[PDB]
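The form deposited in one PDB entry is given below as one chain in structure tokens.
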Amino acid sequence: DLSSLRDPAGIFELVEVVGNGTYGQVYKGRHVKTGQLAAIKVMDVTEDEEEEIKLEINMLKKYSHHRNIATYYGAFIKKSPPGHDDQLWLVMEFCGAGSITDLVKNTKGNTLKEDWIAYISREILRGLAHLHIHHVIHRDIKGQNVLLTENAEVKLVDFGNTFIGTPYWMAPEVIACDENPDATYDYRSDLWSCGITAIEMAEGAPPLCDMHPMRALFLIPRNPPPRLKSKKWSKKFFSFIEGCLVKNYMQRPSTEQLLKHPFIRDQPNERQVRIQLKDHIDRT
């Protein structure tokens, strides 16, 4: 029932595009009556697209209520004249402290402390576990899709169409080749992506960042599992990276297994890390 969706006129205001265009037509929005912020995903909707759109709303209503997923608020339809085309606004939680990509880029030497990596990675894994239990694959885990609220809460965004995006966080099994002709996403594909995101937090960029995207896409299923460049890291972090980045997804551990891994499981400085992150956020 899309006919019941209200016009957003004096309920939500569009401020500006959020980020720069990583998310596309996603806006910084304001609740008119309170001044509260929201992230507004905007899309042109045709008569045939109506059925596919209904399933998106339902997914957000059921799965976004976990603390490691940005909350869904509601939907609006800005009806255009009979000469088409209507706009659909999906209003979600605004994560003011921005992405994990921004967090590494704003940090001296473009590297995060190991205890920060463990905390963020665990929160990613906790969000993935909620999705996987409900038979949902995120399909796009990367630093830009992991956001921080003003209270250092870690939240996942943009889970699941004519364009292929960035290849750098893609698991080998999602890239079709002669051996793997029918490339398909598995729940374990999100675990590889989590591992690449952990390397991104550690080095400021994913593994084949210096390659043309088409060359990286060719190299991912052919190259051995990527490794951390520095030897400074603990034996537990190298082990976590090794766990995430098992080449063949069939021997790759589950989200439940990775949540029990010593690097994720053993976090005594958890309380201090949350304060440390909150302090970095306070410095706008």
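Numbering starts at 1 and follows the sequence shown. We call the rigid core whatever largest set of C-alpha positions still superposes within 1.5 Å between the two forms.
One more form of this protein exists, namely the form deposited in another entry; it is left out here, but the text below deals with it.
Once both forms are fitted on their rigid core, the CA atom of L55 lies 2 Å or more apart between the shown form and the other one. Shown in the overlay between the shown form and the other one, fitted on the rigid core, is a CA shift at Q87 of 2 Å or greater.
With the core held fixed, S64 shows a CA shift of 2 Å or greater between the shown form and the other one. Look at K61 and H132: in that other deposited form their Cα atoms come 3 Å or more closer than in this form. Closer approach of the C-alpha atoms of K61 and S254, by 3 angstroms or more, is seen in that other deposited form than in the present form.
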